[PDB]
Every structure is written in C-alpha cells, then in structure tokens.
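> Input: one structure, supplied below.
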Amino acid sequence: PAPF
Amino acid sequence: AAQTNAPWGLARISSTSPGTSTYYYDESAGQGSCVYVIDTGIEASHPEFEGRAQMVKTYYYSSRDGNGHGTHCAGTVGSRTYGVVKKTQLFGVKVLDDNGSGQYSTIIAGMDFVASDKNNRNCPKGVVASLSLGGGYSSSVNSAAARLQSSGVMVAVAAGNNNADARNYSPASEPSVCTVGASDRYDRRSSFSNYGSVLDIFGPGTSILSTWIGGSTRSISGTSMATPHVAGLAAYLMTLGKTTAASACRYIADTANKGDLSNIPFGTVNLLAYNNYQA
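Just so you know, the protein sequences line up as chains C and E, in that order. Oh and the first sequence: position 2 is 2 in PDB author numbering, straight run, nothing missing. Oh and the second sequence: position 182 is 182 in PDB author numbering, straight run, nothing missing.
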C-alpha cells in the first residue's frame, strides 16, 4: 500500500 | 534556543512531560545534514523552507508536490516554524504521486537513488532518509531499506497506522532501519499507531501542525507525522555529533523518555523521542  | 508556543510535538520532543509549549533545541538545528524526504515531493518555494529545500528526483512528470503530504513531512523535519531541525537541507525525492501512492519498484528505486545521490551532495553531518510511507510486507522493500541503511543513511520509517503489529508492514519491519510509532499530546500511544517488537521509538504524530502546499499550513495526524520528528531529531543529533547514521536509531531509543506513554502493548517499547535539550 502507500504514505503513512 | 526556544520556540515559544511551538506546535505541541516540537514541545514534546524537548520535554520530559507532556503539556509544555516551548520547543527548546540547539541552535545548530540540523545544519550540515541532509534529509531526503522520500515522498510526494516538497513545495520548495514555500517560504518556511527558506530556500533550504529542493527537489532532486521525481519519478513522475513533474517534480512538484501536488499532494502536501511531502511538504507536510518536510516541514516537521525542517521548516522554520514547524520543524525539528530548522536548518537542515531537504531533498525531495518524489517516489509518490500527487495522490500519495506509488509502486514498490519506484519506492525501491528512490531508495537506491538516494544511496547513490548522497555521494554527490555535500552533507557534512550525515544523511537521513525519511520515509513516511509503507505498505504490506515486502522482502525487496525491506531489503532496499536495509541497503539504504547500510550505504550509510539513517533510515527513519513509519510504523504504519493500522493499530497493528508493524511486522506486517514494509519497510516498517526491516529490522535494520528505525521504525517510528506515533504518540498524542497526552502521552498516549496514537490510537492509530502500529506497535510491536520491531518498533524502535515513538514520536508525536497526533495533530501535528506543519507546512502545506500553496504556501499554507495544516495539522494532520499519523506515523507519517512522527517519522519526520525522529528523522528531524536524527538529523539534529547527527549535526550535533551525538550519533551516526548507523547508530542514530539505537541512540534515539537509548535517550528517550521511557515508560511515559500509555497504551503501550506488552512487547512494544515504551520509548518517546527526546532531544534531551539542556539550555
């Protein structure tokens, strides 16, 4: 998946 | 130095107790260090970066931060008002698109990119890479983070926001990098913060005030927000000569506020980034  | 009425997390990091409002830090503030914010890019022209920020590689059509997450991250790392390290050099690696997503191969390429690019930049005190991103378990992502780490860059990475064991969770689970959990204003683990034994430390991640695109500011929450406080703290500490890229995570854990967080599960460290500033 991606930003976090 | 002190920043009055600072955002809470800045104050938290330089405090042994929650509730304070001044951020106290050493005036060196990260100068000489470089922090690669591997994200969505950074609005380099935002007044708050005062020209210390610049895009170095994009994997997209533009180098621009059409998201803000990146600018937000870059700001807690080192904008003037909202950053941990007010004088650090920011380099933007847009591995993320304007929507905040991207592919592991592009994130892994951004990481190899930085491991190589640092060799042609002047970062006398160390290089940090802040990665407020992640996804499901990937041995190649982990791996890239471990090569980046081993090339001599302090890798700070978000634990993630699933209120789960970060062991799942890449780059978060690469035990050689620094896995950052999030905390709130009251010392509680951030309701969304990942936990587990691979975490190394916790930083303020709940409603963090930082720079936004458009030349503005906005408070947002996340382990993405805690990561840069610690990448920012790593850069500050490295410019201070307290640690190195290779042992900055270990050093932040060893000098942390211990046992202060509440809602820390058995197995997870109870450690809060602390700059240990003394006036």
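For every residue, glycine included, the Cβ atom is placed at its ideal position computed from N, Cα and C.
With a cut-off of 8 angstroms on the beta carbons, I'd call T76 (chain E) and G232 (chain E) a contact; round off their distance for me.
6 angstroms
> Quick one: give me the first and last residue of the alpha helix (DSSP H) that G203 (chain E) is part of.
Run containing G203 (chain E): none in the alpha helix (DSSP H); it sits in the beta strand (DSSP E), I201 to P204.
> Tell me the DSSP secondary structure of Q31 (chain E) in three-state form.
strand
> With a CB to CB cut of under 7 angstroms and the five nearest residues on each side skipped, what residues in its chain are close to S170 (chain E)?
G134, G135, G136, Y137, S138, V141 and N142
> Which residue's Cα is closest to the Cα of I208 (chain E): E:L199, E:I201, E:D200 and E:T227?
E:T227
> Output the residue ranges of the beta strand (DSSP E) runs that lie fully inside the stretch 176–259 of chain E and measure 3 residues or longer, sorted by chain position.
178–183, 201–204, 208–212 and 216–220
> Assign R121 (chain E) to one of two classes, buried (16 or more other C-beta atoms within 10 Å of its C-beta) or exposed (fewer than that).
Answer is exposed; the Cβ neighbour count stays below 16.
> Where in the stretch 131–177 of chain E do unbroken runs of the beta strand (DSSP E), each at least 3 residues long, occur, reported from the N-terminal end onward?
154–158
> CB-CB under 6 angstroms to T243 (chain E), same chain, minus the five flanking residues each way: which ones, in chain order?
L237 and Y251
> State the start and end residues of the unbroken beta strand (DSSP E) segment that holds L90 (chain E).
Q89 to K94
> Quick one: which residues of the stretch 61–91 of chain E get their C-beta closer than 7 angstroms to a C-beta of chain C? List them in chain order.
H69
> For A156 (chain E) versus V128 (chain E), is the C-beta distance shorter than 9 angstroms?
In this structure, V128 (chain E) lies closer than 9 angstroms to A156 (chain E) by Cβ.
> Over what stretch of residues does the alpha helix (DSSP H) that includes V114 (chain E) continue unbroken?
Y104 to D117
> Just checking my contact of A235 (chain E) with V35 (chain E) at CB under 8 angstroms: how many whole Å lie between their CB atoms?
So it is a contact: roughly 5 angstroms between Cβ atoms.
> For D184 (chain E), which of E:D98, E:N119, E:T4 and E:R12 has the nearest alpha-carbon?
E:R12
> Below 8 angstroms on C-beta distance, what does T106 (chain E) contact in chain C?
Result: empty, since nearest Cβ-Cβ is about 11 angstroms, beyond 8 angstroms.
> Please check if any C-beta of chain C sits within less than 9 angstroms of the C-beta of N163 (chain E).
no
> With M55 (chain E) and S45 (chain E) assumed to form a contact (beta carbons below 8 angstroms), what rounded beta-carbon distance in angstroms separates them?
No, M55 (chain E) and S45 (chain E) are not in contact; Cβ-Cβ is about 10 angstroms, not under 8 angstroms.
> Contact criterion: CB-CB distance below 9 angstroms. Does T223 (chain E) meet it with respect to chain C?
yes
> To the nearest angstrom, report how far apart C178 (chain E) and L131 (chain E) are at their CA atoms.
10 angstroms
> Starting from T76 (chain E), trace the alpha helix (DSSP H) both ways and give me its first and last residue.
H69 to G78
> If you draw a straight line from the C-alpha of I108 (chain E) to the C-alpha of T40 (chain E), how long is it?
15 angstroms
> For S191 (chain E), count the other beta carbons within 10 Å of its own beta carbon; 16 or more makes it buried, fewer makes it exposed. Which is it?
Using a 10 angstroms sphere on the CB of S191 (chain E), the tally of other CB atoms stays under 16, which defines it as exposed.
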